[PDB]
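Protein chains in written order, with the entry's author numbering: chain U, 17 to 118; chain l, 2 to 51; chain g, 2 to 58; chain 4, 2 to 32; chain k, 2 to 70; chain R, 2 to 156.
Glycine included, C-beta positions come from ideal geometry on N, C-alpha and C.
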Amino acid sequence: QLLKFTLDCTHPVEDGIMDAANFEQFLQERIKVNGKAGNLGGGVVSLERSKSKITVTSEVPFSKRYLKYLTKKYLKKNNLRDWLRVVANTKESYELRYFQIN
Amino acid sequence: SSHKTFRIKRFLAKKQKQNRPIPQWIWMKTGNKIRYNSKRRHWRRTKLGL
Amino acid sequence: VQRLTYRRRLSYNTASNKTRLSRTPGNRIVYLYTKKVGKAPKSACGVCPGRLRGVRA
Amino acid sequence: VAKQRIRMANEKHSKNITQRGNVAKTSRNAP
Amino acid sequence: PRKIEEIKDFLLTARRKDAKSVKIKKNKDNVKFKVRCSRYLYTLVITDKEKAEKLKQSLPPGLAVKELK
Amino acid sequence: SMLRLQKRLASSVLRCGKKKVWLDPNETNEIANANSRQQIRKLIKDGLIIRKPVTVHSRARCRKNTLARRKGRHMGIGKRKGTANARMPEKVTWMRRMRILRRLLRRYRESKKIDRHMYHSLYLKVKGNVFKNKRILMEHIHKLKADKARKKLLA
RNA sequence: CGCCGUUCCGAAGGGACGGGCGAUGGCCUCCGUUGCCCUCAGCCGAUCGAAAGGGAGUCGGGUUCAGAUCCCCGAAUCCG
RNA sequence: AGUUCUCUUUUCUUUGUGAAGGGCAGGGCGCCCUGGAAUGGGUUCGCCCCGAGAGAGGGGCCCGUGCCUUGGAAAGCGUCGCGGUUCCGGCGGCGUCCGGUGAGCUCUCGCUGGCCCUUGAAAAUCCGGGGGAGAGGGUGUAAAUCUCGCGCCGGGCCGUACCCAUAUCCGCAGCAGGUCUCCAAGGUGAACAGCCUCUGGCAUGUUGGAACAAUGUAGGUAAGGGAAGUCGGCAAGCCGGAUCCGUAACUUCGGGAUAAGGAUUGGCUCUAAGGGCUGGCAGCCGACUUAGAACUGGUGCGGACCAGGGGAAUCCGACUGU
Ligand SMILES: [Mg+2]
Ligand SMILES: [Mg+2]
Ligand SMILES: [Mg+2]
Ligand SMILES: [Mg+2]
Ligand SMILES: [Mg+2]
Ligand SMILES: [Mg+2]
Ligand SMILES: [Mg+2]
Ligand SMILES: [Mg+2]
Ligand SMILES: [Mg+2]
Ligand SMILES: [Mg+2]
Ligand SMILES: [Mg+2]
Ligand SMILES: [Mg+2]
Ligand SMILES: [Mg+2]
Ligand SMILES: [Mg+2]
Ligand SMILES: [Mg+2]
Ligand SMILES: [Mg+2]
Ligand SMILES: [Mg+2]
Ligand SMILES: [Mg+2]
Ligand SMILES: [Mg+2]
Ligand SMILES: [Mg+2]
Ligand SMILES: [Mg+2]
Ligand SMILES: [Mg+2]
Ligand SMILES: [Mg+2]
Ligand SMILES: [Zn+2]
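Laid out in structure tokens, this is it:
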């Protein structure tokens, strides 16, 4: 069938602390399909980026928690995990938020 | 123990009430000699024997 | 893993202290005390080894 | 409650080494 | 607890002199009508919403009716 | 401040050990004046009292090794401490074999690949340790059928 | 002072369906109760002896500084 | 939630449903009906079963602590987010899902067997049956009667905190002693062994600091020799697991026996064999074993832990037990 998930980086991007296009690029070559992260299984996984929302679609089984695994990996590579947090907004999406400090 | 007879639980209650210091106004009594309760008991130092 | 305690003051494994494990709506395992196993009647003939039928045990 | 606050609060307490004798009684000053 | 299958018997239950209150619980799939009698909590499970509304408006008077939320 | 009471109450409210109760070192004065489970519940909700996560005990190492052992690694002569019978009892080996082979005979008889007279003969041979495994029994049945057919043809 | 003995040298039953005579009553109608009589009656051993033996029937959730299968909420069950 | 310099669709946590009632799986039956079986068949790990009725059909009963359901989602829990007096059973969103496997451990139910010159309580209490003394009404507003379903009332007395033991008990004490039980995770491993770890717990056992003499107490190592020491090999030491091979005198033929004596043991990459479900074949599943081979390391591999030294004889007592 189809599986659709979204990442909402609105709060950071509108604060200009992460280029969503770069994040889309990051998921482009890193997302794995049967152990390979090059061709996205041959378009079997499709990525779309909106203004501040990134979407992922798949024609095969895809784990929503994988996007959280990669999102956290990307946040760490960009030294953001100490300020941002990936929290499930709904059954189909995650969003980035700020820890309650000051 | 938790398992207790009424007779034992009543003997123990009386031994509980006698284990207090003397009232301090007893000191001012006219012909008083008592300085303190000399019949104090401690559960660990000396045992009731029953 | 979760470990159990008796719910009564009988701490010994006697014939009247048998239990079974029960998961509860609170999502924990507790002891429920089982009833003894009943026996169906034995035939008055004293010969047939089996017990009778149509009778609650 | 986020579990990351344990770390953030723990690190904040460590900083009291430099303010011995004038440590804040309450950092949630408001109220 | 006892489970009643037909609206006919539930109405008889709700008219018993020892019936105290009727609680209606609305779930995603069914509407449950529970009457607190002396011994048991009788329940009727209705899957049709229209019948549940129809039964709700046809309860006997004087019986405390509660909607659970 | 002396927070022995608060550590004990929070532990009960969180249903954890006292070792997993975390009291905020910056808020000891606030936590100190909470002498009730109602007020502890408030501090738990506020974030001054938090339950610490379980200490990690990862099974990855043993899961990795279990995969290797399934392929035969770490299983040689030098890695055995119990006897061949203690590691794999003979009785269990025999029990599996009889069930496997008796199951096959029942299906061949039911499916009429053999008759009840051949079944009875093979049943007592199976119990006699004539056949090592399923295949040896199956090939032997095949030879028996060929001979039985040849005898029928001439007759 | 007591001891032995526990069914052994004992008139060891104060009970019962039913029936008959009265005395009373009450939803006085007819049913209760009671006293006596008739009839029937083995248990054959007073009593004590187990918080591990026998022995009907309670579980879930919440709650305290300290008690809960005991309190509160909910749902049951045994016995009379 | 942790890690993320590299790698890791990764690692960790967590992912409910009580009693009682109903329904159904499952398990058991020395229960019934048909029928009549040798070319004997059925059948278990073993057994064991049959003309006093086997196989094969069709039934009945008992337990159902398992699953569904009423309970019951309203509760509980996980997470995210809002309020409040803020010491509210506070309020809302989402979730509480789908499968596999096992000589596994713990409990429990059941079947079947072995052992006894051992045969492994009583009573309170409850129930069925046999009998048929009796009672009930004359065709009705029916009666006696009812172990059926509801409904009504009550359940008095005493115990209940906590310790339960390197500090709440007994040893004069917070005494290295003694003192009856229940539950019991991962790894290695034959394992409730030892060694490490999670849950939970603790603060080194009635004190600390600085030194590192002698003599101690407790552990180790030692060239060459190897009991010369000593009353005496006391003490320590050697052996040790497992696989394969091999095993004497004597014997009460059961043993002796792990006799004695050898070889092997790591890591890695493979090969072969050992099954289940569905429709001599095809497909899909799967769980640990055994054997064999190559390669490989400074010959090191039961690498820690665990873990018999052996042989030839004499005396005594048969033995196990005290
Ligand atoms: Mg003492
Ligand atoms: Mg019957
Ligand atoms: Mg054998
Ligand atoms: Mg008595
Ligand atoms: Mg008793
Ligand atoms: Mg008892
Ligand atoms: Mg009650
Ligand atoms: Mg038959
Ligand atoms: Mg259940
Ligand atoms: Mg809920
Ligand atoms: Mg009769
Ligand atoms: Mg207690
Ligand atoms: Mg020390
Ligand atoms: Mg110390
Ligand atoms: Mg001590
Ligand atoms: Mg030397
Ligand atoms: Mg040397
Ligand atoms: Mg010498
Ligand atoms: Mg000398
Ligand atoms: Mg020695
Ligand atoms: Mg010898
Ligand atoms: Mg001897
Ligand atoms: Mg003796
Ligand atoms: Zn009989």
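Counting along the chain, no beta strand (DSSP E) covers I101 (chain R); the unbroken alpha helix (DSSP H) around it starts and ends at 91 to 111. Chain R places no beta carbon closer than 8 Å to that of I18 (chain 4), leaving this residue out of the contacts. Scanning the segment 45 to 80 of chain R from its first residue to its last, the whole alpha helix (DSSP H) runs of 4-plus residues come out as 61 to 71.
Beyond the five residues adjoining it in sequence on each side, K135 (chain R) comes within less than 7 Å, by CB distance, of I101, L102, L105 in the same chain, given in chain order. For a cut-off of 8 Å, the C-beta gap from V14 (chain R) to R42 (chain R) is around 6 Å, short enough to register as a contact. The criterion of a C-beta distance shorter than 8 Å is satisfied by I32 (chain R) and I50 (chain R). In this structure, the CA atom of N86 (chain R) is about 36 Å from the CA atom of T15 (chain g). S2 (chain l) carries a coil assignment under DSSP once its states are collapsed to helix, strand and coil.
For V32 (chain k), the three-state secondary structure derived from DSSP is strand.
According to the DSSP secondary-structure assignment, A10 (chain 4) is paired through a beta bridge with no residue.
Within the same chain, Cβ atoms closer than 7 Å to the Cβ of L60 (chain k) are found at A15, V23, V66, the five residues on either side in sequence being excluded.
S17 (chain g) has its CB nearer than 7 Å to a heavy atom of ligand 6.
Not one beta carbon of chain 4 lies nearer than 8 Å to the beta carbon of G18 (chain R). Residue-level contact by beta carbon holds for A10 (chain 4) and chain R, with a gap shorter than 8 Å. Ranked by how close their Cα comes to the Cα of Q17 (chain U), the residues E75 (chain U), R97 (chain U), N118 (chain U), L83 (chain U) have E75 (chain U) in first place. Every unbroken stretch of the alpha helix (DSSP H) spanning 4 or more residues and falling wholly within the segment 61 to 107 of chain U is given here in chain order: 80 to 93.
Distance between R54 (chain g) and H4 (chain l), taken at the CA atoms: about 45 Å. Of the candidates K65 (chain R), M119 (chain R), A35 (chain R), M119 (chain R) places its Cα closest to the Cα of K144 (chain R). Residue range 20 to 24 is occupied by the beta strand (DSSP E) that includes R24 (chain g). Note on geometry: alpha-carbon atoms of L19 (chain U) and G27 (chain g) lie some 34 Å from one another. The criterion of a C-beta distance shorter than 8 Å is satisfied by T44 (chain k) and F34 (chain k).
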